[PDB]
Structures are given as structure tokens and as C-alpha cells.
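At position 68 of the sequence shown (counting the first as 1) the number is 73 in the entry's author numbering, and the numbers step up by one without a gap.
Heads up, the thing below is written out as C-alpha cells.
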Amino acid sequence: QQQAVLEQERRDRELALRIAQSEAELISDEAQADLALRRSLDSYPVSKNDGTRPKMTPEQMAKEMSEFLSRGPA
Numbered sequence: 006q007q008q009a010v011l012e013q014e015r016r017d018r019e020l021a022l023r024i025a026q027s028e029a030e031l032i033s034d035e036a037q038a039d040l041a042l043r044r045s046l047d048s049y050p051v052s053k054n055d056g057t058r059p060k061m062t063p064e065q066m067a068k069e070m071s072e073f074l075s076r077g078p079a
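Following this line, the structure appears as C-alpha cells:
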């Protein structure tokens with residue numbers, strides 16, 4: 006198991022050191038940008054499908070005022 010605990014230990018330190026030295030140096034911005042790009046699944050733009058377009062229809066203003074008047078005191 007030596008080879009295991011050995012390469013595992015040495016490696017562990019190496020990486021850990023890279024992340025510590027990198028994050029501490031804040032030079033490895035490429036990683037953040039990448040992970041951020043892959044993490045931003047919402048990369049795609051917005052898609053209208055609810056009808057939130059200008060012009061308040063009777064139903065809208067009605068739902069707003071109705072919901073407003075009906076709420077509570079303070």
C-alpha cells in the first residue's frame with residue numbers, strides 16, 4: 006500500500022498547495038471563469054413565454070389592486 010499512501014500523500018500536498026497558492030495568489034482566474042461558465046447553465050438568454058409585455062390588461066391591474074388591497078394592516 007506504500008505506493009498508495011505515498012503517491013496519495015505527496016499528491017494531496019501538491020494539489021492542496023496549488024489550490025492554496027493559486028487561490029491565495031488569485032492568479033488562477035482561468036479556473037474560476039471556466040467553472041463559472043459551466044456552472045452558469047443559464048448561459049442561454051431569457052425567453053418570453055408568460056406575456057410580461059408592456060400594457061397592463063384588466064386582468065393585470067385587477068390582480069395587482071386586488072392583491073394589494075387584500076393583504077393586511079401593518
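Just so it is clear, CB atoms sit at the ideal spot from N, CA and C, and this is done for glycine as well.
Inset, instruction - Following the continuous alpha helix (DSSP H) through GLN26, name the residue where it begins and the one where it ends. - result: 7 to 30
Inset, instruction - Pick helix, strand or coil for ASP55, following the three-state DSSP scheme. - result: coil
Inset, instruction - Can you grab the Cα-Cα spacing for the pair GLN7 / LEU20, in whole Å? - result: 19 Å
Legend entry - Range of the contiguous alpha helix (DSSP H) that encloses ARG76: Element bounds for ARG76: n/a, residue is neither H nor E.
Inset, instruction - In the DSSP assignment, find the unbroken alpha helix (DSSP H) run with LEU42 in it and report its ends. - result: 34 to 44
Inset, instruction - Leaving out five residues on either side along the sequence, give the residues of the same chain with a beta carbon under 7 Å from the beta carbon of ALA67. - result: none
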